[PDB]
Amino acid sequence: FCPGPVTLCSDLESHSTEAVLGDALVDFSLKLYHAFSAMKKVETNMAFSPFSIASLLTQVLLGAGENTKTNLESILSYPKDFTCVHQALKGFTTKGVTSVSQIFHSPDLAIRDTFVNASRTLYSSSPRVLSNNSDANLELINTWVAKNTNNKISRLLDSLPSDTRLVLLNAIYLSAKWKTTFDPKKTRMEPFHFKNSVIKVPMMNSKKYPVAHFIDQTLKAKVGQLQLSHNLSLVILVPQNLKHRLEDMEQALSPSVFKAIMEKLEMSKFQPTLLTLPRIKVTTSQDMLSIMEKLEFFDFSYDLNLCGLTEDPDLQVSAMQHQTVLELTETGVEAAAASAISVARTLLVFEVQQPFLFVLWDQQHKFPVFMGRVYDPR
């Protein structure tokens, strides 16, 4: 027994589910954030895409039965009978990233016909078959990923198991950039508070950068939003004083707090601000089967039901890999506006000079495209 293929939703029904999906992706983002943080060493930079990971998992969900279906739904925070999710996900795609997801399988694993067309339609690729030797396959996968990421991700995999039957892959990079360009002639070495010490890093600077910002009292953090191209923004969360550790802020960032931060920002206006921050440059490669286990999802390596994908009775995911590349330097779409001098006696300020958490936020559909943290900008 296996659930028959999911039925397509009308356009109207699919638009109604955007808000549900937005809510789930926020929930899911936080579960990932803590699991990513639990896998990594204590004071490290990281960046991941809840959206593109969710999309990959949802494409797997498309082929799941039994407990795996329920277990995936829980992880993803989807309610039962969320059948339009596969179309809504496709509608949320942002052109400010290039994301590539793919399922690769051995030749001895037969993919069902009903999964092939559903997959292509809804996720823009049907599963791809691997070769009969594994050296060939590594290079097949890495070349495919390079090809499809305009060479930003050229080594998604270092190795593969020798008995590889099913591989799940997502690679993603940010192509959007700052709506307002930073003047590279102003970038300056400034202090950044890291460990108990002060280090100097290059900081992008403006005296009047449009920033929407406030102070959140539950987080004890300054919250600032910078506008990007493609209806995306970067939201930066920095603990107020050096008194506060990023760790404590991480704990306090619940889904309600997170949501509230986002609803507040949609209503906060962008204002001329004295702004200082490092260049943000983070690449993270993560074995996602360890993350799925941290999230207490075990099905990929034990008792898997992907009956919709394949009839094969002895199935496990041999590898699941995610890579984000996220880079924001001075380059922006538009030149800074001008003002005549000071006029102002009081100027707004937002300076990023200690470890911080970030969310790259989709303003149109209200979800996190990326999330992560920077401890050391070098």
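Each residue number is its position in the shown sequence, starting from 1.
Looking at mean Cα B-factors across 210-218 and 278-286, the upper value is held by 210-218. Look at the C-alpha B-factors of 130-138 and of 88-96. On average they run higher in 130-138. Among 351, 27, 330, 43, the highest C-alpha B-factor recorded in the PDB entry belongs to 43. Taking the deposited Cα B-factors for 203, 252, 306, 176, the highest one is held by 252. When the modelled residues of the chain are ordered by their C-alpha B factor, residue 162 lands in the highest third. Remark: residue 144 belongs to the highest third of its chain, ranked by C-alpha B-factor as recorded.
The PDB entry assigns residue 116 a C-alpha temperature factor belonging to the middle third of its chain's modelled residues.
Ranked against the other modelled residues of its chain, the C-alpha B-factor of residue 357 as given in the entry falls in the lowest third. For residue 53, the recorded CA temperature factor ranks within the lowest third of the chain's modelled residues.
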